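Novice: Mind folding the following:
(chains A, B, C, D, E, F and G)
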Amino acid sequence: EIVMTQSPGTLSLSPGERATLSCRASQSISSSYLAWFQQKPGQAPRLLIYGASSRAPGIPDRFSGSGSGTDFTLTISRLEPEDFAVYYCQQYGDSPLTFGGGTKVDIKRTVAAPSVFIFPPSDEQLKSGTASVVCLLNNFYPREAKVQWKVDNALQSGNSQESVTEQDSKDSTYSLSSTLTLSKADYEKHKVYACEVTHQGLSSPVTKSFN
Amino acid sequence: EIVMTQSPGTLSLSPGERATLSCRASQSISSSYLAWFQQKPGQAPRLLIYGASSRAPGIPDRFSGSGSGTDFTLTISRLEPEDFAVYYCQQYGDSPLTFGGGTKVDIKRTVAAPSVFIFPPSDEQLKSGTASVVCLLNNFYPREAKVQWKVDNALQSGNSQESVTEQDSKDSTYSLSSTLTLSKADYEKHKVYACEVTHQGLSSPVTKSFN
Amino acid sequence: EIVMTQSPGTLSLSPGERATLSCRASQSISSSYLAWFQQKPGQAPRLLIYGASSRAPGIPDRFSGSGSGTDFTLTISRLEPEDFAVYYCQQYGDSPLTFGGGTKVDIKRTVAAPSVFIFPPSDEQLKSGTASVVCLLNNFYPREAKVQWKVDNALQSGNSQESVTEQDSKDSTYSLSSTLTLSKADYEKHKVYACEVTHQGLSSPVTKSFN
Amino acid sequence: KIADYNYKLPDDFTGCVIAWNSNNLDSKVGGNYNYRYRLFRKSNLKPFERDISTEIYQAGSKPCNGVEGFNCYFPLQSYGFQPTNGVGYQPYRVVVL
Amino acid sequence: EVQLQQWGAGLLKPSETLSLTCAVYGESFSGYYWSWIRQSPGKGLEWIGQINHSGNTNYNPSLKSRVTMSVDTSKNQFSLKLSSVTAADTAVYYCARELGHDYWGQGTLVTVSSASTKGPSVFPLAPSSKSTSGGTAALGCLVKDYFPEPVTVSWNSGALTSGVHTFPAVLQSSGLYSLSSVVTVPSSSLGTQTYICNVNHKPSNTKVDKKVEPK
Amino acid sequence: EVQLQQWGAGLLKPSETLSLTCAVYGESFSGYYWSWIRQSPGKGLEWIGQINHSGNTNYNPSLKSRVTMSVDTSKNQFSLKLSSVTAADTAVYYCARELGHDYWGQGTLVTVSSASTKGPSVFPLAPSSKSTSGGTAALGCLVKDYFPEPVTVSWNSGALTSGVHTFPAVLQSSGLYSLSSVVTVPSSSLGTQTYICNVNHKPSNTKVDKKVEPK
Amino acid sequence: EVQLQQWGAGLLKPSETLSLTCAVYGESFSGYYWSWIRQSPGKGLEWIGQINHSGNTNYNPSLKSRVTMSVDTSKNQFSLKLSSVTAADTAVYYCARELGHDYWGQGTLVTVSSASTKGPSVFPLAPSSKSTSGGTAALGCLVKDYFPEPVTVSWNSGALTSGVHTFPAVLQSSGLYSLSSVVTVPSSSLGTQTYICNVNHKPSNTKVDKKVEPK
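Specialist: Numbers count the residues shown, from 1 in each chain, chains lettered A, B, ... in the order given. This is the structure:
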């Protein structure tokens, strides 16, 4: 099982630029039998380059491949808006076909600042016996962000989970929702609660607090 | 296989009172190993009292148990709106684990009178060859009231069954429907049919006839 | 194994008329043990005549039976609307019970001319990878209707199949639909497709075509 | 329960089993709450094996280190013998050879 | 904390074999006994049996001859098989831990019958002449001869939702269901407002509407 | 009066074994012969065999090799087993008393196939321009490639019920069924009125709508 | 050109068997190898095995003990069986030709879970007073406790399609799913307009409407 490892999964670059993707195999690939696949959301993967050098029929000329031994790379000369997808390696020079991890490409733009619009737990859920509070974020280009919950001025972990939306078609931003669950007795016992937002673009450590 | 007998299943009492439920067994229970279960509709039973005296963790302290030998009782000091359910016994000092019969506690309201409506059968129904006559009661405090059909001034039995509805949320009333089924010649025999209602709240022996 | 051969499977005649159904056996039936069964759509057969002459209890006297040796006949003097069903012979005087093929009776009406329609395949089905062309006939009484396909003025056999609906409740007419299936290359290679129908109701063999 | 948690005979067993009613000797007008049997055990016994340990039965989440309480119960429970009990609930005296 | 999730077939024909499975999440699977309990409205709660990880089973003496239990330790599951099922086995089955007292499953309904899915029928009902004179009349519709449980009834496409009584479905000798749905209206309401009773049966996908005409 | 109720497996695979059961109510069970009769859309009514209370059987010589019957007098039931099942055994089976002439079962349909449950695909049918010029036109939708037979088709959410024809399903060489639904409308009504057909397939639980537009 | 059409069941209880089928159109079915590829959100693309018309099978050594493959040459189909399925087998399955490089199937989603179908629930929300003072607020509806994955959420009966965020569903400890749908509005609009959230869960056939009002 020749395990394949790729470049960092997420890389951001502005359109109309060049892109380089790396691919490494745990062992040598016979006769440079390496292939590159492209997958768009909702569709099956499509082959782009076979033999690590050639180009499949119907493929534009902006895709190129070069490598040997245990090191290969894919190059995109110009990134059209449709060239943003996930790219996979495949070795077909050995017995079981093996695919790579996959590399994602995003759209670069200016750095924005997240807006937080928290909602307090409703009465109806309290009647059902469960409590949900949601630290919310909206409109921020750098997907990397951190939010930390503070209950009784102490760290809370292992009881909250986060959901992030996909990149927008034109705004190219993200929206995150973090939901933390606590016991009714625990939520009544303590008076101060907060979620603190740390983000590289937004320097100030905004600790949104409520009672 | 200890047979567990329990207080009459139906008992009605206003909120904010003391409720006592009795339980007994054919044989003595070793080490006073008796448990009391509360079951709300549509959910699995929940434990209240274990050992006939102790209280389960996280249980409100308005529940008490007392008894030994072959006689046990459960007491609710004050009834809350969410304290109405079905209550079960369980003995576990013997290998065949057995439960009780079940006692249902209700909310009581001032006595009211049944109302009777008569629906003559349709000839479209008689086209198949069978006819049905319905005697109905609405808004009467006791769960059941006696209803009897009269065909050609003759009593009928073994040929009908009655259906009742759960008590209303805030009206706390009851509705009862009795349906009769007969062959075509048997229905066509008499023009005059009646249904009579025997009920304690309404002193009149109401009998309902249609032509 | 006595093979019972019955009269033509379809006989059509107007209501309130004399109906005669014939039956023949390969061997002479002992003691004239022959029976006639009536089956209405969607339910089990019902016995009408036993012994080839006698009538079962509860059967209207418009059914009569007459025959002997190896030739038998069932007669309905005048037809009620309910009497339109399928009729079966049944010999029970030999080791295995054998039934006849069945005779279906229909309602006669004035001759009608079918209306021919043709539908080209949709592009979605072409993307799926198969093309289906449907040619249908509406509201014609005589069930005998021949439909054929001209693909580039050539006859196609074995690649199309047709379905016929039951007799209408009030129109007493028929609808037929013949579908022809082809692959992608077979459909896209040719330009003109046509379906033409010969039906005794209308003299003109209507030929409907599309590009 | 007797064949699993109390006394188990092997399948390849040779011998006799002799039982007789003993209502006369062990009844008492009041209950004869003196005999006892093992009710709770976490596994079946092996043939001709004897267990006399108390060892409070866990049957729950809390360990219950030696103390009885909720979901933690004493495995040995006493027979209730009275002379008025019907046959099948009154003592029998058993010898296995 | 222990979460018990159970699944199994809810409709069986007589002489079939009932199979149910329960899966345990959150706590140690070994070191405990896992129990099956049925509940029937006819009699009440009854204990069926229990099994531990090693395969040692305790059975109720009444059902000892037709109860089998299995354990799958790899994926933390235990299953019940009840053979030669009969119409008296219709109940609600729960999987619990040890004697109970702390954790229970959600419980699945099992019904045993020898009937096939088919649509119901609506039998018309007309208010009697006295009801119009009285000032208070009743409108009812009777639904008959359907096997599956979720039959639904409505008034005027849900226009008359106040004072609606829907008596629960009952068994019959043939194994079919019959019920009635009733509502109360004043004599002034009679005729001036149309009352149309609708019934919907999704398992057979049958919708029947009946107009109400005073006698 | 005698009432017969039968049940069994409605779907099978080739080389499997068919099993059916029939139960009798209302009269005596012993002192009688109980028969199985098979009806097929290709050949016609056929007699399979019969059995009595003590276990004596009569078989049709054609099917003597694969047919078996059993009787349970305790609960008044008799059962049929038919091994080496092939696709030629798809038919409606009835349990009857003696030669017949008195009482028949309700009849159970048995289908033999080696296909899995699939959801239907819907394709619109486009009227031609000359069809519009003719003064009347027909709009249909074609349902294709579903294995289990029961499929319900309606138009305009059931509002349009005039001039609609739903042809019977036909088995294809791939083992999946297909049918079509057609409705007839005036040509002038086209373009200014919207027409949609909705189809529900319950075994795969797929309900899909489809609008038909002129070309 | 080759067109590949696949089908099979999507919901499976643990310890069941997975069966999928794929059908080939357009080119020859013989003289080729047909492969199954699995894609998980937590692992990546994985090759399961392949089979040819002669009946020869190549298996991935990881799954060789649980994978079976069958070919039906008469109707040009090939099928995959994966026994003793587990919650780690939830993934998208494709049928392809040989190593790929030319043609792939559309893909079938398979979810393996021990939870039963349940209806979604909506929790009300209230904007904070500080949000109103700031100038912008957010109004959102929270949907919880529905097992089958596909659910649709809309606002203003679908009229409001600007700024609507529907975060992907997340799986909880109990085995159910939840999500939130939010919209951003000015604080000036508060106190003068009423909003609405609409949820449609197809597998449970549930439609829920909630009236969202300020605070």
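Novice: tell me which element residue A:127 falls in.
Specialist: helix A:123-128 (DSSP states H and E).
Novice: Pull up the gap between the residue of chain A most remote from its centre and residue E:112, please.
Specialist: Farthest-out residue of chain A from its mean C-alpha position, per CA atoms, centre = their mean: residue A:189, at 37.5 Å. Using CB to CB, to the nearest Å, we find residue A:189 at a distance of 51 Å from residue E:112. Where you see a C-beta, it was placed from the backbone N, CA and C, and this is true even at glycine.
Novice: partner residues bridging the most centrally placed residue in chain D?
Specialist: Using CA atoms, centre = their mean, the residue of chain D that lies closest to the mean C-alpha position is residue D:37, 2.0 Å off. Per DSSP bridges, the residues bridged to residue D:37 are residue D:77.
Novice: Now do the same contact list for it.
Specialist: Residue D:37 is in contact with D:1, D:2, D:6, D:76, D:77, D:79, counting by CB atoms under 8 Å, 6 or more residues apart in numbering or on different chains.
Novice: of these, closest to residue F:87?
Specialist: Nearest to residue F:87 out of the contacts of residue D:37 is residue D:1 (CB to CB; 54.9 Å).
Novice: Confirm for me that the closest one is in contact with residue D:40.
Specialist: No - with contact defined as CB atoms under 8 Å, residue D:1 and residue D:40 do not form a contacting pair (9.9 Å).
Novice: more crowded one of the two?
Specialist: With neighbours defined as other CB atoms under 10 Å in any protein chain shown, residue D:1 and residue D:40 compare such that residue D:40 has more, 22 against 14.
Novice: can you pull the contacts of the residue lying closest to residue A:198 once chain neighbours are set aside?
Specialist: Among residues not flanking residue A:198 along the chain, residue A:146 sits closest, at 4.4 Å (CB to CB, 6 or more residues apart in numbering or on different chains). Counting by CB under 8 Å, 6+ apart, residue A:146 touches A:197, A:198, A:199.
Novice: how close does the last one sit to chain G?
Specialist: Just to be clear, that refers to residue A:199. In this view, residue A:199 and chain G are 18 Å apart by CB to the nearest CB, to the nearest Å.
Novice: what does residue A:153 give?
Specialist: 21 Å.
Novice: neighbours around that residue, how many?
Specialist: 8.
Novice: contacting residues for it?
Specialist: Contacts of residue A:153 by CB under 8 Å, 6+ apart are residue A:192.
Novice: how close does it sit to residue A:194?
Specialist: 9 Å.
Novice: Does chain G have contacts with the helix holding residue A:127?
Specialist: Yes - using CB under 8 Å from any CB of the partner chain, helix A:123-128 reaches chain G at A:123, A:124, A:125, A:128.
Novice: With stretch A:186-197 instead?
Specialist: No - shown here: stretch A:186-197 not in contact with chain G (CB under 8 Å from any CB), separated by at least 12.8 Å.
Novice: Pull out the buried residues from that stretch.
Specialist: Buried positions in stretch A:186-197, judged by neighbour count with 16 or more other CB atoms under 10 Å in any protein chain shown: A:193, A:194, A:195, A:197.
Novice: And it, how far out from the chain middle?
Specialist: Put simply, stretch A:186-197 sits 30 Å off its chain's centre (CA atoms, centre = their mean, to the nearest Å).
Novice: what comes into contact with it?
Specialist: Residues from elsewhere that reach stretch A:186-197, judged by CB under 8 Å, 6+ apart: A:114, A:116, A:118, A:121, A:131, A:133, A:135, A:137, A:145-153, A:178, A:180, A:205-211.
Novice: Show me where chain A has its helices.
Specialist: Ranges of helices in chain A, per DSSP state H, are A:123-128, A:184-189.
Novice: As CSV, those with distance to residue G:44 would be great.
Specialist: What follows is the helices of chain A, written out as CSV (distance: least, CB to CB, whole Å):
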stretch, distance to residue G:44
helix A:123-128, 37
helix A:184-189, 39
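Novice: And the ones you listed: which comes nearest residue E:136?
Specialist: Taking CB to CB as the criterion, helix A:123-128 is the member of the helices of chain A that comes nearest to residue E:136, at 37.2 Å.
Novice: tell me which residues of the closest one are tucked away?
Specialist: Residues residue A:125 are the ones in helix A:123-128 that count as buried (16+ other CB under 10 Å).
Novice: How about that helix and chain E, any contact?
Specialist: No - Helix A:123-128 lies apart from chain E when judged by CB under 8 Å from any CB; the minimum separation is 15.9 Å.
Novice: which residues sit against that helix?
Specialist: Where contact means CB under 8 Å, 6+ apart, the residues beyond helix A:123-128 that reach it are A:131, A:132, A:184, G:121, G:123, G:124.
Novice: what do you get if the cut-off is 6 Å, keeping everything else the same?
Specialist: The contact list for helix A:123-128 (CB atoms under 6 Å, 6 or more residues apart in numbering or on different chains) reads G:123, G:124.
Novice: Go through the residues of helix A:123-128 next to chain G and say which is closest to residue E:210.
Specialist: Among the residues of helix A:123-128 next to chain G, and counting by CB to CB, the member closest to residue E:210 is residue A:124, at 37.7 Å.
Novice: Against chain F, how distant is the closest one?
Specialist: 30 Å.
Novice: do residue A:88 as well
Specialist: In this view, residue A:88 and chain F are 30 Å apart by CB to the nearest CB.
Novice: What's the local residue count around the nearest residue to that residue once chain neighbours are set aside?
Specialist: What sits nearest to residue A:88 in space, not counting adjacent residues and going by CB to CB, 6+ apart, is residue A:37, at 4.4 Å. By other CB under 10 Å, 23 other residues sit near residue A:37.
Novice: I'd say residue A:37 and residue A:44 touch.
Specialist: No - assessed by CB atoms under 6 Å, residue A:37 is found out of contact with residue A:44, at 9.5 Å.
Novice: Show me where chain E has its helices.
Specialist: Using DSSP H, helices in chain E cover E:129-134.
Novice: how about the residues of it near chain D?
Specialist: When proximity is defined by CB under 6 Å from any CB of the partner chain, chain E lies next to chain D at E:56, E:98, E:101.
Novice: Which residue is the nearest non-sequential neighbour of the last one?
Specialist: If the residues on either side of it in the chain are set aside, residue E:101 comes closest to residue B:47, at 4.9 Å by CB to CB, 6+ apart.
Novice: Distance of that neighbour relative to chain A?
Specialist: Residue B:47 is 18 Å from chain A, by CB to the nearest CB.
Novice: Return the residues of chain E in contact with chain B.
Specialist: Residues of chain E lying close to chain B by CB under 6 Å from any CB are E:44-45, E:47, E:94, E:99, E:101, E:104, E:107, E:123-125, E:128, E:138, E:165, E:167, E:170, E:180.
Novice: Any of the residues you listed buried? List them.
Specialist: In the residues of chain E next to chain B, burial by neighbour count holds for E:44-45, E:47, E:94, E:99, E:101, E:104, E:107, E:123-125, E:128, E:138, E:165, E:167, E:180, counting by 16+ other CB under 10 Å.
Novice: Which of those fall within strands?
Specialist: Judged by DSSP state E, strands contain the following of these: E:45, E:47, E:94, E:123, E:138, E:165, E:180.
Novice: ok so, going back, among the buried residues of stretch A:186-197, which are in strands?
Specialist: Per DSSP E, the buried residues of stretch A:186-197 map to strands at A:193, A:194, A:195, A:197.
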